[PDB]
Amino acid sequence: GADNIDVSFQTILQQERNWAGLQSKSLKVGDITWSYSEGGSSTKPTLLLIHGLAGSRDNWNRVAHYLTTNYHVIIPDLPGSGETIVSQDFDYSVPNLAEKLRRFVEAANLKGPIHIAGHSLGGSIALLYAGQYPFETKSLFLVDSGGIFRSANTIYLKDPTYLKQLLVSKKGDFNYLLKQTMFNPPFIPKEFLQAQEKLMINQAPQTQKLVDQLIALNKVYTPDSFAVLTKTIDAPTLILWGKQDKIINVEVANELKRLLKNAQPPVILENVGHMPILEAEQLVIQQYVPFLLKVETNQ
């Protein structure tokens, strides 16, 4: 008819980043070409936002929109995601992702203690970063974070081989993934869903490598190992969960609270799944902005 919309999905992503007050940047650090979003004034406190498995920097756009006015926001595409380029034989283990993220923070010249937020696998990376670089970590915000828990009660945590069922490798897989990761998914036009699914299918060989590394990491380390790591983290911490999270059960939020010395009581969002940053961004910001103000005042 007379009202056809003809647009590239990449142009849509560009417009959403602009709406969030972000611009796309690139930085070569060793053998990695990092793709990242950056917003806000360099005079403002630095915030590093870390996405999860098979995600991308754009997962944080809805939340970042509320932070780029008063904060200096940095959102990288991790190896295996978005436009970040790595070697064909890259090491996708969580320890290597945390160490290479530190090299990126250094090369991006983001000095002093920085506020760090992590979603899902991003939360696991944020925890390792906070433990290895405590004087470089101003605060921690864990959104349905991974880890190795005694209170684990999902098939994905009990046997990470089940993470292979969440891989997007063929048409229709993205709809299956959304049904497992979200309880209140946002509005996603069918045409946008299909475009996003295709990008994930293109990254599938890398996601498979990440998953295999995660399976091997879970065989090596235990909840005892995780307790040793969390014992070393003194950073003030905010924990937020979706009550309906099918990937990492909500009981784990209380375990993280018990394990982290300076963690606040967890925020549990009713009718929200594993991705509050896309399912309830205004409710996430309602908690995170007063937390950041409190940490800034106490410093």
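Quick note: we count residues from 1 along the sequence shown, nothing fancier.
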{"property": "Higher-scoring stretch by recorded Cα B factor average, 70 to 78 or 223 to 231", "result": "223 to 231"}
{"property": "Of 278 to 286 and 21 to 29, the stretch whose C-alpha atoms average the higher B-factor in the entry", "result": "21 to 29"}
{"property": "Highest recorded Cα temperature factor - choice among 184, 124, 139, 87", "result": "87"}
{"property": "Top Cα B factor in the deposited entry, candidates 244, 41, 59, 35", "result": "41"}
{"property": "Residue 144 - Cα temperature factor, lowest/middle/highest third of chain", "result": "lowest"}
{"property": "Lowest, middle or highest third - CA B-factor, residue 119", "result": "lowest"}
{"property": "Relative C-alpha B-factor of residue 263, binned into the chain's lowest, middle or highest third", "result": "middle"}
{"property": "Assigned third (lowest, middle, highest) for the C-alpha B factor of residue 166", "result": "middle"}
{"property": "Assigned third (lowest, middle, highest) for the C-alpha B factor of residue 53", "result": "highest"}
